[PDB]
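# please work out how this folds:
(2 chains)
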Amino acid sequence: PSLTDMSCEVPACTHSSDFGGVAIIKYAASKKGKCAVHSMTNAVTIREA
Amino acid sequence: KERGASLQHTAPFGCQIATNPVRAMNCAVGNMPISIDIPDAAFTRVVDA
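Numbering: from 1, shown residues only, chains lettered A, B, ... in the order given. Dropping the coordinates below:
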């Protein structure tokens, strides 16, 4: 499902040890299905595949 | 017969006196801090909002 409307932001982040950032993605995919979410930069570690 | 105005009546800032034992109540002057710690049992995610 191709996503458009890639409008992301974060309510509140915190550079903790653990996942002290949690960001909000508003989006528009085309249809139903899985999506590969990925942190390209080693500075950020998404905990979800 | 001429003790007169008891310290209930002589009280600045709206103090009040109370016997058994005597005590100065309810002249709330100054500023009182309170530290209160609360766990994440109360806070909910903004995506739940």
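# and residue A:27, what helix or strand is that in?
Secondary structure assignment for residue A:27, by DSSP states H and E: strand A:22-29.
# just checking: what are the partner strands of that strand?
strand A:3-12 (antiparallel) (DSSP bridges).
# can you pull the contacts of residue A:8?
A:23-27 (CB atoms under 8 Å, 6 or more residues apart in numbering or on different chains). C-beta coordinates here come from the backbone N, C-alpha and C atoms, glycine included.
# which stretches in chain B count as strands?
B:16-18, B:23-25 (DSSP state E).
# sorry, back to before: got the buried residues for the strand holding residue A:27?
The neighbour-count criterion (16 or more other CB atoms under 10 Å in any protein chain shown) identifies no buried residues in strand A:22-29.
# give me the contact list for it.
A:1-13, A:35, B:45-47.
# using PDB, list the CA coordinates for that strand.
Provided in PDB are the C-alpha atoms of strand A:22-29 (Å, rounded to 0.1, in the frame of the first residue of the first chain):
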ATOM      1  CA  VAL A  22       7.500   8.600  20.500                       C
ATOM      2  CA  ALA A  23       6.500  10.300  17.300                       C
ATOM      3  CA  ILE A  24       3.100  10.600  15.500                       C
ATOM      4  CA  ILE A  25       2.700   9.700  11.900                       C
ATOM      5  CA  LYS A  26      -0.400  11.000  10.100                       C
ATOM      6  CA  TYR A  27      -0.500   9.400   6.700                       C
ATOM      7  CA  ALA A  28      -2.600   8.200   3.800                       C
ATOM      8  CA  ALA A  29      -1.800   4.800   2.400                       C
END
